[PDB]
Amino acid sequence: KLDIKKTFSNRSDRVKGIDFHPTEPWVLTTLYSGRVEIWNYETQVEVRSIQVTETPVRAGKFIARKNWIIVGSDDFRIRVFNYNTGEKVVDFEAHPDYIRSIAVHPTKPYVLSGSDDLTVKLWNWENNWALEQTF
Amino acid sequence: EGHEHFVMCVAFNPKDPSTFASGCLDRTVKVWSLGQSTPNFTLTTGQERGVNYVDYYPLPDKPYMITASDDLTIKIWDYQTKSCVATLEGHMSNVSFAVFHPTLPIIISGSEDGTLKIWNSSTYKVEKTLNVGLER
Amino acid sequence: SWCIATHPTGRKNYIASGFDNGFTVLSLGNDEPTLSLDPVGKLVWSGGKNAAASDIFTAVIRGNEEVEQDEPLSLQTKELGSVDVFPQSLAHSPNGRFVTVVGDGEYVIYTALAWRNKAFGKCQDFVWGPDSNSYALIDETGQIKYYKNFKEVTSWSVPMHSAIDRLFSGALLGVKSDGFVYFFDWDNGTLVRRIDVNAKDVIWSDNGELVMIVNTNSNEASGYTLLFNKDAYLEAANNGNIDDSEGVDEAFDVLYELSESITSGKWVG
C-alpha cells in the first residue's frame with residue numbers, strides 16, 4: 001500500500017525534461033517547443049517562463065547552490081539562467097549535435113552533457129565553463 | 001576523407017561547381033571545395049539513420065540543400081546558416097531521394113513505400129502522391 | 001511519458017513526470033521520520049543517508065550539546081542493528097527497554113540495549129500496553145490480538161462490528177473504526193467509552209488522566225482535550241450498567257478544543 005496523491009497537474013506542450021528544486025516547492029520543465037518553465041506545484045502558481053530557443057529543449061536541471069537552471073537543447077547549446085531574475089548566465093555550443101542529458105555533480109562545479117555526437121563532455125563552471133574532458 | 005560511414009550521394013553545387021556535397025550514412029553532409037583536404041563545413045542533419053541523398057536547389061534566390069533518410073524524413077537546409085528550413089513528413093518507408101525540380105516550384109521524393117511524392121517548394125505541403133505500381 | 005524526477009531529498013516522497021501533454025507531480029506517501037526517543041534521551045531511528053533503510057542506529061542526547069535553539073545537535077551516532085523488513089514505524093515500549101519495528105504486514109521486537117530479538121509475527125498495526133510488557137496488534141485477518149510477555153492472551157478479546165482502521169496506545173487501548181474512536185480496558189478489553197470524533201491520533205498524558213484527540217479535520221476543531229475519570233468507569237463496570245455502543249458517559253469530560261493544526265504533541269503535566 002502506497003498512499004498516492006495527485007498534488008498537481010498542468011497541460012502544456014510535450015515536456016522532455018523535468019527537475020525538482022531541493023528547497024523550494026518548484027519543478028522545472030523543459031519543453032519540445034523551446035520553452036522552459038518553473039512551477040510552484042504546491043501553490044499551483046507558475047514562477048517563471050523562458051523562451052530559450054525555437055528548438056526542443058531535452059534536458060534541464062536546477063543548480064540551487066548558484067540559483068541557476070541549466071538547459072540543453074537541439075540547437076546544440078547549453079544555456080544557464082538565474083531563476084531569481086531570468087538572467088542569462090552563459091550560452092555556448094557544447095556539441096555539434098543534439099543534447100540528450102545533463103548531470104550535475106553534487107559537490108564539485110561539474111556538469112556532464114550527453115549528446116548525439118556519441119560523446120559525453122565534462123564542463124567546469126569554476127573555470128569559465130571550460131571543457132575539461134570528453135569521453 | 002572525413003566521413004565516418006558509407007558515402008551515399010555526391011553532388012556538385014550547380015551555382016559554384018568548385019564546391020560539392022557528400023551525403024553520408026554518418027548522419028552528416030559535408031561540403032568541400034576542390035583542392036582542399038578538409039571540408040568547408042560539416043552539417044549534422046539530426047536524421048538518426050543517415051543521409052541517403054543530397055541535392056542543391058538550382059536557383060540563385062536561395063542557398064538551399066535537401067537531404068533524404070531512412071528515418072522517413074526529408075529536411076531542407078540553408079547551407080549558410082546551417083539551419084533546417086523545413087521537414088517533410090509523410091513517407092511510410094525509407095526515403096531513397098529528394099530533389100528540387102529545375103523549373104517547377106516543387107520537390108520530388110521517392111521511397112521504398114513504392115511512392116513518388118511531389119511537394120510545394122514554398123508551403124512544403126505534399127501536393128501529389130502517385131504509385132506507378134513498380135514497387136520500391 | 002518522457003521524463004521523470006524525484007525529490008532530491010524525498011520531501012513528501014514527491015515525484016514528477018513529463019508527457020506529450022504536460023506534467024504531473026505526485027506524492028507517494030507521508031515522509032514522517034521513522035524514529036523514537038526513550039524516556040531519558042536515547043534516540044533510535046532507521047535509515048538515513050549512506051545507510052540501508054533497514055539499518056537501525058542510536059544516539060544519546062546529553063545535557064552537554066552546546067549549540068543554539070536554531071542549530072541541529074551533534075550526537076554520537078552508533079549502529080544498533082539491522083532489521084529484515086522496510087521500517088515503516090519505530091517505537092520504544094513506554095519502558096525504553098524494547099523497540100518495535102513494523103514493516104509491511106510484519107512486526108519485530110528487540111531489546112533497546114544489545115538488540116536481542118524478542119518477538120515477530122504478521123501484523124497490520126501495533127501498540128504498546130502501559131505495561132511495557134504487553135501489546136495489541138491487528139493480525140492479517142483484520143482482528144485485534146492481545147499479548148502479555150510476548151505471549152498471546154487467547155480468551156482476551158474486543159469484538160468489533162466494523163473494520164479496524166488502527167490502534168492507539170495510552171491509558172486505555174484506542175481503536176479507530178466506523179469514524180469513531182473506541183477505548184477499551186487493557187486487561188479485559190471491556191468498552192469504556194466511544195468518542196464521536198474522526199481521530200487522526202490519540203495522545204495520553206503521563207498519568208493517564210488527560211488525553212488529546214487529534215481530529216482528522218478534513219474540512220471544525222483540530223483537536224479535543226478530555227479528562228479521564230478512571231473511578232467513574234470502575235464504578236459503572238461494577239454496577240454492570242455499561243452501554244455496549246458508547247460505554248460510560250461519566251468516564252470522560254470534554255475540557256477544551258484547539259483551533260491550530262496538530263502535527264505532533266506530547267504532554268508535560
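Any value given below was found using the heavy atoms of this structure, including those in side chains, with hydrogens, waters and symmetry copies removed. Numbers restart at 1 for each chain; the letters A, B, ... are given by sequence-line order, proteins then strands.
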Going by atom types alone, do [X] and [Y] pair a side-chain donor with an acceptor below 3.5 Å?
| X | Y | result |
| --- | --- | --- |
| A/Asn124 | A/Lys108 | no |
| C/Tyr182 | C/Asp178 | no |
| B/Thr67 | B/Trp77 | yes |
| C/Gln88 | C/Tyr107 | no |
| B/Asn52 | B/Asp70 | yes |
| C/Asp139 | C/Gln124 | no |
| B/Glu89 | B/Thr73 | no |
| B/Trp119 | B/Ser109 | yes |
| C/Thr34 | C/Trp45 | no |
| A/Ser73 | A/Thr55 | no |
| C/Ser17 | C/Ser1 | yes |
| C/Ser27 | C/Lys12 | no |

Could you tell me if the side chain of [Y] sits less than 4.5 Å from the side chain of [X], heavy atoms only?
| X | Y | result |
| --- | --- | --- |
| C/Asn215 | C/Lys200 | no |
| A/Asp97 | B/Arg27 | yes |
| B/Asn120 | B/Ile106 | no |
| C/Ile164 | C/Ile144 | yes |
| A/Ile69 | A/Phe81 | yes |
| A/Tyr98 | A/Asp75 | no |
| A/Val27 | A/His21 | no |
| A/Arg48 | A/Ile50 | yes |

Do NZ/NE/NH1/NH2 and the carboxylate oxygens of [X] and [Y] come within less than 4.0 Å?
| X | Y | answer |
| --- | --- | --- |
| A/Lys1 | A/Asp3 | no |
| A/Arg77 | A/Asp91 | yes |
| A/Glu42 | C/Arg11 | yes |
| A/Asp19 | A/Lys61 | no |
| A/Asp74 | A/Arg58 | yes |

Which value, rounded to the nearest 0.5 Å, describes the distance between [X] atom [atom1] and [Y] atom [atom2]?
| X | Y | atom1 | atom2 | value |
| --- | --- | --- | --- | --- |
| B/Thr87 | B/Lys75 | OG1 | NZ | 5.0 Å |
| C/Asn21 | C/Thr24 | CG | OG1 | 12.5 Å |
| B/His5 | B/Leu25 | NE2 | CG | 4.5 Å |
| C/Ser177 | C/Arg166 | OG | CZ | 13.0 Å |
| A/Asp116 | A/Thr119 | CG | OG1 | 10.0 Å |
| C/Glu260 | C/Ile262 | CD | CD1 | 9.5 Å |

For [X], I'd like to know if atom [atom1] has over 12 heavy atoms of other residues, nucleotides or ligands within 6.0 Å.
| X | atom1 | result |
| --- | --- | --- |
| A/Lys5 | NZ | no |
| A/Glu24 | CD | yes |
| C/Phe86 | CZ | no |
| A/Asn128 | CG | no |

Return the set of residues passing salt bridge (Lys or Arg N to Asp or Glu O under 4.0 Å) with C/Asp165 (not counting sequence neighbours), or none when no residue passes.
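Not a single residue meets the salt bridge (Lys or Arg N to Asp or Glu O under 4.0 Å) criterion with C/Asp165.
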Centre-to-centre under 6.0 Å for [X] and [Y], is that the case here?
| X | Y | result |
| --- | --- | --- |
| A/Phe76 | A/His95 | no |
| A/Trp26 | A/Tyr83 | yes |
| A/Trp123 | A/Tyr110 | no |
| C/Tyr256 | C/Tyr224 | no |
| A/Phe8 | A/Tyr41 | no |

Ring geometry between A/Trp68 and A/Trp129 (parallel below 30°, tilted from 30 to 60°, perpendicular above 60°)
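Plane angle between 30° and 60°, so tilted.
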Describe, in one word, how the ring planes of B/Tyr53 and B/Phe97 are oriented to each other, choosing from parallel (under 30°), tilted (30 to 60°) and perpendicular (over 60°).
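Rings of B/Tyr53 and B/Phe97: perpendicular, over 60°.
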Checking A/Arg100 against B/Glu48 for the salt bridge (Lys or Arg N to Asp or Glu O under 4.0 Å) test, could you report, in this order, the C-alpha distance in whole Å, the side-chain angles of both residues, the deciding distance, and whether it holds?
CA-CA 13 Å; A/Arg100 300 273 176 178; B/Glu48 356 269 69; 3.7 Å; yes
So, using side-chain hydrogen bond (donor to acceptor under 3.5 Å, both in side chains) as the criterion, who are the partners of C/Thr225 when residues are at least two apart?
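In terms of side-chain hydrogen bond (donor to acceptor under 3.5 Å, both in side chains), with neighbours along the sequence ignored, C/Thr225 is linked to no residue.
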Side chain to side chain contact (heavy atoms under 4.5 Å, CB included) for A/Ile70 and A/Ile78? Distances and angles first, verdict last.
CA-CA 7 Å; A/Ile70 179 174; A/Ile78 277 185; 3.8 Å; yes
Nearest non-hydrogen partners of [X] and [Y], listed with the distance:
| X | Y | result |
| --- | --- | --- |
| A/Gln44 | A/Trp39 | O-CZ3, 4.0 Å |
| B/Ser69 | B/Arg49 | OG-CB, 3.8 Å |
| C/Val254 | C/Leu226 | CG1-CD2, 3.3 Å |
| A/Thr30 | A/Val57 | OG1-O, 3.1 Å |
| C/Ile56 | C/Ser46 | CD1-CB, 4.2 Å |

Using only atom types and a distance under 3.5 Å, with no angle test, would you say the side chain of B/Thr115 pairs donor to acceptor with the backbone of B/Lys117?
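A pair under 3.5 Å: no.
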Polar side-chain atom of B/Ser111 near backbone of B/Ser96 as donor-acceptor pair, under 3.5 Å
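Absent.
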Against the six-membered ring of A/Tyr32, is A/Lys16 placed for a cation-pi contact (under 6.0 Å from the centre, within 45° of the normal)?
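Relative to the ring axis of A/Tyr32, which defines the angle, A/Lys16 lies outside at least one limit.
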